[PDB]
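In structure tokens, the next block holds one chain alone, the form deposited in one PDB entry.
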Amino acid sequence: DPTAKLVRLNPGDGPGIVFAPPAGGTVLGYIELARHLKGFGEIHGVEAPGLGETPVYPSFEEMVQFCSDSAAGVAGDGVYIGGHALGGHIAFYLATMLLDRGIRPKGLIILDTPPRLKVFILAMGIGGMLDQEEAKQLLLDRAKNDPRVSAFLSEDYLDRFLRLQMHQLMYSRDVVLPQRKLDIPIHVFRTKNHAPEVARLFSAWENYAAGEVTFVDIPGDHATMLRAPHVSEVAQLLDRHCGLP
């Protein structure tokens, strides 16, 4: 009965992108990026089941299955799969499942994560996505009149997001680690202020690339790269490297 939802993120010519969601299962973290991209056609994100509905707490593999089934409606020639944070691991496994089914995306776009992966979580995660029991109301009062998210980001949506986030933050590093080589190009966009013990893990995307793998430096840090002013430079670099010239 439960299914993930394919959500349109932009109003275009050029390749498509389907984004997989980070911990918490929402696509709303990609809206600002999607609005700044100019070299892409259709941009979608997959929204986890249960954020609308019966809540759902899927295993990592079940989440991949939900996302694959939803992306398969648009994926194939001319369409990237992409993701940030845990969304990058889901996107890698989603791409592998689409290949196994005879659907070949144009490539995989990883946003600033290596393969090896309370009120602070609210503020760190959804609080950054909204450029900000009491903390929750400041978020809902910020979202109340913000037209980019006001359609759906109710009190109930936020609660469901935070519970699913906590669940997905408990996934094992060993389970989300890529294993097999992916037969489409991988483009890795990485920020440049990680601690060195993290910075040295990005190159390992090449372990999982049967073909081309490209690294591109981007501004910001892990949490600010998807918000202004850094997101517009991220978008310009996606356009340059992956989008329509």
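Under this definition, the rigid core comprises the largest set of C-alpha atoms superposing within 1.5 Å between the forms. Numbering starts at 1 and runs along the sequence shown.
Only in words, not in the display: the form deposited in another entry, which the text now covers.
Note: rigid core superposed between this form and the one not shown; among 108, 164, 85, 153, the CA shift is 2 Å or more only at 153. With the core held fixed, the Cα of residue 176 is displaced between this form and the one not shown by 2 Å or more.
After superposition on the rigid core, displacement of the C-alpha of residue 140 between this form and the one not shown amounts to 2 Å or more. Figure legend: C-alpha atoms of residue 220 and residue 146, shown here, are separated by at least 3 angstroms less in that other deposited form. In that other deposited form, the CA atoms of residue 194 and residue 139 draw together by 3 angstroms or more relative to this form.
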